[PDB]
């Protein structure tokens, strides 16, 4: 109705959303040491802190509990703001304008950054309008996509995390995952002179699209091409995000459309759900068919969600080499690890934009797609699926979704932890130590298999784009050897300490202690024991276990927000070794002393 598109934008909901983001900015900027909150002694008997603006006129006061890994658990309800003796409302845009110098926001970035904050607050507002499911309801539900679309936090480190800049509000309401709006994919026929299909082992092109689309939808598509005088044999099918088609391909790639390099074939019939990754689609009409990952030229969390055409050629081969490696490794067999492969990929090489740009240009990232197998067919009765991100979910009441899997399970907290850590964490140690293999194993990149509230096994996704072998001489099959990187010995283990300890377990341990379920002490003792249990079981690697010490007293603080604030479009650039990293002192390893 026009008014309906903005109904979620009200003073009360805006207000809650601003208290929520300022709470997280005080928390996470303090963690990253942009803010050093000073204590005031009286009220909470050691619990009240102030942070001042660049000019020192405006003060932010809060109650916080400081947990392992220099984690500030800032109380939302406690946040207040003062200038020259009086109180002001909590306003995120103002907070950023007031601590511009202090956070190293440049004149250049600050405005776009405020636009990403607005958009993050807009989403918070939309989600505060959805039925407010407790973590109990959501865990009891056992609906994979009720959990996928129920998540509210997004990336727990990045403050400006849920931006989706590029979507008008109409497009936010149609495309953001938290809406759970069905999407039909748009299907193009891409001429073989500029498009290329890559198949994983056991994939054949004709049967693959037959399986995905149905014989009848393939023939109809072959009929659009014949009616236009074109030979179906000269084209490959490429599905696209409807936003990419209507806003980019019809304008940016108009030449391709006009010349018949791209023919529009229409919507496919199946209904998709955008996942936490906004450009990845799960097939709601047929949960067993492939996810489709699409090119989407929006700004989110320091990157265009474009998809590289050039990465596609090697992508199924990387997945096949990894699946085979997991199959053949006793330790990985025993954790129950599995991936959902990227089975198939199609790239489109825009020849002219290629002649006009470098290999790093988002103008070469505007038309690819890949298919990735669904985890649904692999589950048995009593099993349900949930993104690992669910484990750091709190509901509207502060109630941990992990806490609710624990209550549902009947296990002690720590028994429950040991099943999860054996399934998710031990594969990561083994992969590091046995093969120098690291993934990007954050909430979004792992799916848990649950049975009566217990983590039975973990499924890694996002394989070709994310995995590395940290050894430049790694002998690999020619097709997968791009994964071989050069990372200095003193940084290798950060793959575990940063991406698991500091960017995930910090939140999990905090949530469980805050809600009174189990001490950080017990939490970290459990991680320690699983670590020792794994190491004891592979004595062949003892020299490497000492070289890369999981029980080192400290490790480097790697600041995630600092990357985004120095560059709101290219967070990490063409550093093909690494070292766009912002390392600022060290944290105390909660494992220090438990070897």
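Numbering follows the first chain given and starts at 1.
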- Selected stretch [higher average CA B-factor]: 504 to 512 or 469 to 477: 469 to 477
- 211 to 219 or 430 to 438, whichever carries the higher mean Cα B-factor: 211 to 219
- Message: Between 121, 183, 251, 90, which one tops the list for Cα B-factor in this entry?
- Response: 90
- Between 157, 151, 345, 230, which one tops the list for C-alpha B-factor in the PDB entry? 230
- Based on the entry's values, in what third of the chain does the Cα temperature factor of residue 28 lie: lowest, middle or highest? lowest
- Third assignment of residue 384 from its chain's C-alpha B-factors: middle
- Message: Which third, lowest, middle or highest, does the C-alpha temperature factor of residue 268 belong to within its own chain?
- Response: middle
- Query: Among the modelled residues of its chain, does the C-alpha B-factor of residue 202 lie in the lowest, middle or highest third?
  - Reply: highest
- Chain thirds by Cα B factor, record data; residue 360 belongs to the highest
